[PDB]
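>>> so I've got this experimental structure, pasted below with the sequence.
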Amino acid sequence: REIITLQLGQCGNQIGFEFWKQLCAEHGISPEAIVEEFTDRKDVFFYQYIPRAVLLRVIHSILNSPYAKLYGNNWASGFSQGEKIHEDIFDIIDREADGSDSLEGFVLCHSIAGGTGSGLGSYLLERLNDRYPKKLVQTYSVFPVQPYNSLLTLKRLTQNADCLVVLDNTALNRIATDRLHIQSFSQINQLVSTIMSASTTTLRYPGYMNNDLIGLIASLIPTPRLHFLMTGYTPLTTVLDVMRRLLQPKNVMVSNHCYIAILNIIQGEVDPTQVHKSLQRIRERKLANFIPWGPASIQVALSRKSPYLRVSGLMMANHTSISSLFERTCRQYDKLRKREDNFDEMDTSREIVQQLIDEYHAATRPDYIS
Amino acid sequence: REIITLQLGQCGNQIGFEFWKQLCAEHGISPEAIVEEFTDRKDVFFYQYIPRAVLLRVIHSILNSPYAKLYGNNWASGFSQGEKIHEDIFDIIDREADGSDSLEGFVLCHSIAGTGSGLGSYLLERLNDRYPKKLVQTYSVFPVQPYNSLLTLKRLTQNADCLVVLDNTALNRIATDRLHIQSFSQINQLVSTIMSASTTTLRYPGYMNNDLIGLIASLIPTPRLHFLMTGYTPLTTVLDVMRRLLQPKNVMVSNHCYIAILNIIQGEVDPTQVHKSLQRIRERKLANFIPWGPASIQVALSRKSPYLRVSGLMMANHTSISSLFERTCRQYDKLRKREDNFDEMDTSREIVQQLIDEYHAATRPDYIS
Ligand SMILES: Nc1nc2c(ncn2[C@@H]2O[C@H](COP(=O)(O)OP(=O)(O)O)[C@@H](O)[C@H]2O)c(=O)[nH]1
Ligand SMILES: Nc1nc2c(ncn2[C@@H]2O[C@H](COP(=O)(O)OP(=O)(O)O)[C@@H](O)[C@H]2O)c(=O)[nH]1
């Protein structure tokens, strides 16, 4: 099962580039797309090496980079341009689709901060559900007239994208000043590319459990509505050190409340005899709170680092606190609704997200059923 | 068994002149008709070396080309003048026939869109009179134009024992999509790639398909459904090539099902994963065939010329070729309501309707009777 990526706007093409650098570094792949001398299945992302990239100004500098051999501002205008090149761009997708053995998903790297890609992102997801109804789509959207373009794409992402990994630049810059002391764009993305790289540690390296993209998502997302995730990455030393440093709100990449499911990926060679002990100490101290209705647990799996390149770890969670972020956005909309052909699509968009904000607040009650 | 080819009209000359150039280089033959020193069977098309061609103001363009030592617009004008030189051009074909050991076919290259239309209609009629046992394959090219086009189809549906369609419209797309031309001097380069790779099994002898009648009788089941379309992917295993040939993006054509498929693999691919891919194509069901008769897919390998990497060509007998006719049939009636007997056009009109009905009847589970 092969995976293919799409990068839109200025943001998606930037972080996706460094995502291609860091991933190409994990394997023994020279910048010139040639294997050097110097186990790891490199066929899911690379096709004989050629990466399955689809890039939609900065592209000129991208080819000017040493990795050349590796291949308006409104929302409606971003949606219009996507319609003007409907068939022209789509041929690239189809020829890459069936030319591949068995497509599994569609990784989408894009921003919703008022860019032409933000609309461009809204269009592709509509058609991706039109043509291929049996193909999962994952999107690593990133959060910041900015209220407008933000709340609109949320209307499409809640019914087309079967998964989503949110990344807000606000909580990122807090990490930038504190533990890197920058006071730039190419500076914060250094850590962002790290999150995505380790996010697919269980895919590029074979393991027992979770050997496919449906193996990770099916456990966390309980319903096609509550389909929002957050990430964590602690190394910036035993197992009880990792999981305890992950649950802190100082590390989460997000600006009652409880968890639904957690996933912790350990990449080190740590002694696996103590992984159950760390699970006991986290329970007894009661450092995290779960749902009361159904039995919700925390899962951990192991894998191995790139031998070419120390204990790392990733935390993936579905927290109902993500509802607060939306409330920050939609509140700005009502304020911009009273201050400034039909303006009816903006109505149903505001309408459908307010159903989602109702769906989260209802999950925290012991009687969420019915 | 030798195959004497014919070239009519500006189209037939240009494709044939560039067909020979593709063949002369694929063998160790200098344009001076002299073998270069630098196994491949070359007697079918060449006579010990001279090509067996009978051409018919572009001729001067060939006589000035470095290959000089190798040899109106009405359909009625083509059929009329062809009758005035009945004895002239048949003197050449006859003297070229008996000089050959045992004649096998007449590969005729002409475009149905000026004089090549009316003259070719005359030849395909006259050949069946004198030569009743000679196959007549034609590499016809699809584009008053609706008139001259369909009139040739009257003859091409009862005389030509085979026909390979190559429409300029679908070619122009591939010229624009993957070549970005915007020219005749470029699209013919693709045509010459299709014509040369079509007879790769005759010039390179293998297990089977050592004669033209071996490639014909396999695909064409009945004397009427004798229209074939082509597919050429290289513009890597056998599964990579087989999957690309069945995509509608590669076919040179602008319910529906196949009748017979022949795959030509000109690579050095080991002959062990040939059955595995065919096994896989059946599983994923990338193509469907006729329900009435047993239809199977055939694959053939060959060897690339060392004097000149995996390629692939597919000979297809698809029912969707009936669509190209309807476009001609449609525009005819429009010109029939817009303006010594004018009966030949109506008689030709009837027989084309019999053909299209036969195609749409071929996709029925009761095509028999
Ligand atoms: N997280 C992150 N966001 C970025 C980066 N570069 C640009 N952005 C976001 O992209 C937005 C600008 O979009 P822009 O490039 O003008 O859209 P385009 O011109 O249509 O591609 C800003 O609001 C930024 O928040 C980056 O390196 N990291
Ligand atoms: N594919 C292809 N078709 C051609 C080329 N040259 C001419 N044709 C076709 O031939 C037709 C014109 O035929 P024409 O030369 O007038 O015939 P003539 O009256 O006997 O000279 C046009 O409709 C074209 O479609 C060529 O180089 N390639």
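Received, thanks. Numbers count the residues shown, from 1 in each chain, chains lettered A, B, ... in the order given. Ligands and ions are numbered 1, 2, ... in the order given.
>>> burial of the residue of the stretch 201-350 of chain A found nearest ligand 2, as a residue count?
In the stretch 201-350 of chain A, the residue that lies nearest ligand 2 is residue A:341 (46.4 Å; Cβ to the nearest ligand atom). Every residue, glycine included, has its C-beta placed from N, CA and C. By other Cβ atoms under 10 Å in any protein chain shown, 3 other residues sit near residue A:341.
>>> mind checking which helix or strand it is in?
Assigned by DSSP states H and E, residue A:341 belongs to neither a helix nor a strand.
>>> do stretch A:81-99 and ligand 1 meet?
No. Stretch A:81-99 does not reach ligand 1 (Cβ under 6 Å from any ligand atom); its nearest approach is 9.5 Å.
>>> run a quick neighbour tally on the closest residue to ligand 2 within chain A.
The minimum distance from chain A to ligand 2, using Cβ to the nearest ligand atom, falls at residue A:91 (23.8 Å). Neighbourhood size, residue A:91 [other Cβ under 10 Å]: 11.
>>> measure it to residue B:174 for me?
Distance from residue A:91 to residue B:174, counting by Cβ to Cβ, to the nearest Å: 12 Å.
>>> tell me how far the ends of stretch A:132-143 are from each other?
Its first and final residues considered, stretch A:132-143 spans 27 Å by Cα to Cα, to the nearest Å.
>>> hmm, residue A:264 and residue A:242 touching each other?
Yes. With contact taken as Cβ atoms under 8 Å, residue A:242 and residue A:264 are classed as touching, separated by 7.5 Å.
>>> is it true that residue A:20 touches residue A:70?
Yes. Between residue A:20 and residue A:70 there is a contact at 6.4 Å, judged by Cβ under 8 Å.
>>> overlap in contacts of those two?
A:51, A:53 (Cβ atoms under 8 Å, 6 or more residues apart in numbering or on different chains).
>>> got phi/psi on residue A:225?
phi -90, psi -60 (degrees, to the nearest 10).
>>> the closest residue to residue A:205 other than its chain neighbours: what's it in contact with?
Nearest non-adjacent residue to residue A:205, counting by Cβ to Cβ, 6 or more residues apart in numbering or on different chains: residue A:303, 5.1 Å away. Counting by Cβ under 8 Å, 6+ apart, residue A:303 touches A:201, A:202, A:205, A:207, A:265, A:266, A:267.
>>> now do residue A:257
A:289, A:319, A:320, A:321, A:364.
>>> let's see 6 Å
Contact analysis of residue A:257 by Cβ atoms under 6 Å, 6 or more residues apart in numbering or on different chains lists A:320, A:321.
>>> that one falls within a strand, correct?
No. Judged by DSSP: H, G, I helix; E, B strand; the rest coil, residue A:257 forms no part of a strand; its state is coil.
>>> tell me which residue in the stretch 251-370 of chain A sits closest to ligand 1.
residue A:253 (10.4 Å).
>>> over to the stretch 151-300 of chain A?
Closest point on the stretch 151-300 of chain A to ligand 1, by Cβ to the nearest ligand atom, is residue A:185, at 3.8 Å.
>>> so for that residue, what's the nearest residue that isn't a sequence neighbour?
residue A:14 (6.8 Å).
>>> thinking again about what came up before, narrow the contacts of residue A:303 to those in strands?
Of the positions in these, A:265, A:266 sit in strands, assigned by DSSP state E.
>>> got the residues of the stretch 151-300 of chain A near ligand 1?
Residues of the stretch 151-300 of chain A lying near ligand 1 by Cβ under 6 Å from any ligand atom: A:169, A:185, A:188, A:189.
>>> helices of the stretch 201-350 of chain A, start to end?
Ranges of helices in the stretch 201-350 of chain A, per DSSP state H, counting those that start in this stretch, are A:201-204, A:213-220, A:239-246, A:275-285, A:322-337, A:345-361.
>>> chain center to the shortest one, what's the gap?
Spelled out, it's helix A:201-204. Helix A:201-204 sits 15 Å away from the centroid of its parent chain (Cα atoms, centre = their mean, to the nearest Å).
>>> how about residues contacting that helix?
By Cβ under 6 Å, 6+ apart, the residues outside helix A:201-204 that reach it are A:44, A:210, A:265, A:267, A:303.
>>> mind redoing it with 8 Å?
Counting by Cβ under 8 Å, 6+ apart, A:3, A:26, A:40-42, A:44-45, A:209-213, A:215-216, A:265, A:267, A:301, A:303, A:314 sit against helix A:201-204.
>>> same check on the second one?
Helix A:213-220 has contacts (Cβ under 8 Å, 6+ apart) with A:1, A:3, A:104-105, A:136, A:138, A:162-163, A:202-203, A:209-210, A:229, A:260-261, A:263, A:299, A:316-318.
>>> rewinding a little: mind checking the SS state of the residue of chain A closest to ligand 2?
With three-state DSSP as the criterion, residue A:91 reads helix.
>>> show me the contacts for the closest residue to chain B within the stretch 151-300 of chain A.
Nearest residue of the stretch 151-300 of chain A to chain B, counting by Cβ to the nearest Cβ: residue A:212, 19.4 Å away. Going by Cβ under 8 Å, 6+ apart, residue A:212 touches A:1, A:104, A:203.
>>> how many residues are close by the last one?
Right, the one you point to is residue A:203. 21.
>>> host element of residue A:79?
For residue A:79, the element it lies in under DSSP H and E is helix A:75-84.
>>> can you list the buried residues in that helix?
By 16 or more other Cβ atoms under 10 Å in any protein chain shown, the buried positions in helix A:75-84 come out as A:75, A:78, A:79, A:81, A:82.
>>> elements contacting it?
Here helix A:75-84 touches helix A:116-131, helix A:146-157, going by 3 or more Cβ pairs under 8 Å, 6 or more residues apart in numbering or on different chains; DSSP states H and E.
>>> and of these, who's closest to chain B?
Among the helices and strands packed on helix A:75-84, helix A:116-131 comes nearest to chain B, with 14.7 Å by Cβ to the nearest Cβ.
>>> got a list of what the residue in the stretch 51-200 of chain A positioned nearest to ligand 1 touches?
Closest contact between the stretch 51-200 of chain A and ligand 1, by Cβ to the nearest ligand atom, is at residue A:115 (2.6 Å). By Cβ under 8 Å, 6+ apart, the residues touching residue A:115 are A:8, A:9, A:10, A:11, A:73, A:78, A:149.
>>> selecting buried members of the contacts of residue A:303 in PyMOL, what would you type?
To isolate in PyMOL the members of the contacts of residue A:303 that are buried, counting by 16+ other Cβ under 10 Å, one can use:
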select buried, chain A and resi 201+202+205+265+266+267
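>>> widest-spaced pair of the contacts of residue A:303?
With Cβ to Cβ as the measure, no two of the contacts of residue A:303 lie farther apart than A:205 and A:266, at 12.4 Å.
>>> nearest spatial neighbour of residue A:102, skipping sequence neighbours?
Leaving aside its sequence neighbours, residue A:102 sits nearest to residue A:1 (Cβ to Cβ, 6+ apart; 5.1 Å).
>>> and if you look at residue A:119?
The shortest distance from residue A:119 to any non-neighbouring residue, by Cβ to Cβ, 6+ apart, is to residue A:78 (2.1 Å).
>>> contacts only, for residue A:143.
With contact set as Cβ under 8 Å, 6+ apart, residue A:143 has these partners: A:112, A:113, A:150, A:166, A:167, A:168, A:169, A:170, A:325.
>>> can you redo the residues you listed as CSV with secondary structure?
Putting the contacts of residue A:143 into CSV (three-state DSSP) gives the following:
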residue, secondary structure
A:112, coil
A:113, coil
A:150, helix
A:166, coil
A:167, strand
A:168, strand
A:169, helix
A:170, helix
A:325, helix
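>>> please pick the buried ones from those.
A:112, A:113, A:150, A:166, A:167, A:168, A:169, A:325.
>>> doesn't residue A:191 make contact with the fifth one?
No. Residue A:167 lies out of contact with residue A:191 (Cβ under 8 Å); the separation is 10.0 Å.
>>> for ligand 1, what are the nearby residues on the stretch 1-150 of chain A?
A:9, A:10, A:11, A:14, A:15, A:111, A:113, A:115, A:116, A:117, A:142, A:144.
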